[PDB]
């Protein structure tokens, strides 16, 4: 039973899965931060600082969690000698600042001791900024002004400046703690930091997670000199050149061979971001999209060429370094669906489904926007309802309200996807996951709006599983072979809905009208 390990250095936990050569998951284990390392005093794996904007995690908690999980696997009888390769994912954007002299500690690890004891003094910043941080608005405005504006920054790096993006965090550390910055020999993402621990040497950053920093020129796949210089001096030397995501960055350290029994030939394939790893785990291809439904709704897009915008995030693709992917984030998700259910259909998901069944595609021309909190994609707030004549109305009948919400949410996803260059193709598959993917009637609207089949997939471990798939891709030939050919053996998602006859005619006319009403609301602010 030869296998690969797929790791996930997440916000709240470190998780691992073991996947066999037939691409079956047969083992899973985790270490949860608040529960298993309570002495760090985190809540949800992080520290929200007094300003209410700075959000960090202790780097040595992440190292100690790796020690705990490897010892927990060993105590359970995990056979490490069967591990051919490993890869992993890191929560995106978060950064690690390695102190001058730290690589000497990494390359001289003794198997008699734990990682935490030996790496105790290796970090110039103890509290790492994570993806939840929103304390760098001044640095975002500075970076955009330095390179010719928000659109110029987006053309270049796939995104305008976002507070959590690494370049803005590095700029803030340079500005506020120049002594710690000047004593930093290396800056890693959570992904490349975790890979470095397994290598026992510094791992490079991959193209895909490297695209979440407002630093990488996504098309030429080199660091932007203009972005680097606007964030902090001598930054290129601290990052090192980025690499294709499907790169063998080295063999596992002899530390793991000797301490846990990994075979000496065990390969370490470059780590990537959790969203890129989930795209690999979901096995998206050209023409495909994934809709992750939850408190936030997240759209995962495959893109052959990028059309970066003031919304969304375009990254280099982790399973095909010549192409791209995108994320579009929607803040009004499952809480809006629950509120409409409670207000209009007696708090019943069965009546919610009946409302969709009892209304026609296109909802008689009744259109709605439902943003109780400020939306990200695009920046609108409020509930905005329009009747068949495009007149603004105060309310809808309950069944019309349910369909307006669901149709509107999915039409918004299509319009904003298409704004980044996405197009539905004949081969297109739609992957749906999360709470609302357990509602066939919701998935039917999604199929109708995109005029493409919808498949349901469990993604509780998608970043772990995607990481193990990427490790197998490395072993199967890497860049010499297509990722999709390696993972054809993995279990297929199940078909939940196909577009109803006439869907194409309904939404070809309604999508432009929804897009114009959205522009009307944005122009009135």
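Residue numbers count along the first chain shown, from 1.
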Between 174-182 and 437-445, name whichever shows the higher mean Cα B factor according to the PDB entry. 174-182
Higher of the two mean Cα B-factors (141-149, 74-82; per PDB record) comes from 74-82
Residue of maximum C-alpha B factor among 219, 317, 253, 166, per deposited coordinates: 253
Between 117, 157, 332, 87, let me know which has the highest C-alpha B-factor in the entry? 117
What third of the chain, by the recorded C-alpha B-factor, contains residue 48? highest
Going by what the PDB entry lists, where does residue 511 fall on CA B-factor within its chain: lowest, middle or highest third? highest
Position of residue 298 among the chain's modelled residues by C-alpha B-factor, lowest, middle or highest third: lowest
When the modelled residues of the chain are sorted by Cα temperature factor, does residue 428 land in the lowest, middle or highest third? middle
Using the temperature factors of the C-alpha atoms in this entry, rank residue 278 within its chain: lowest, middle or highest third. lowest
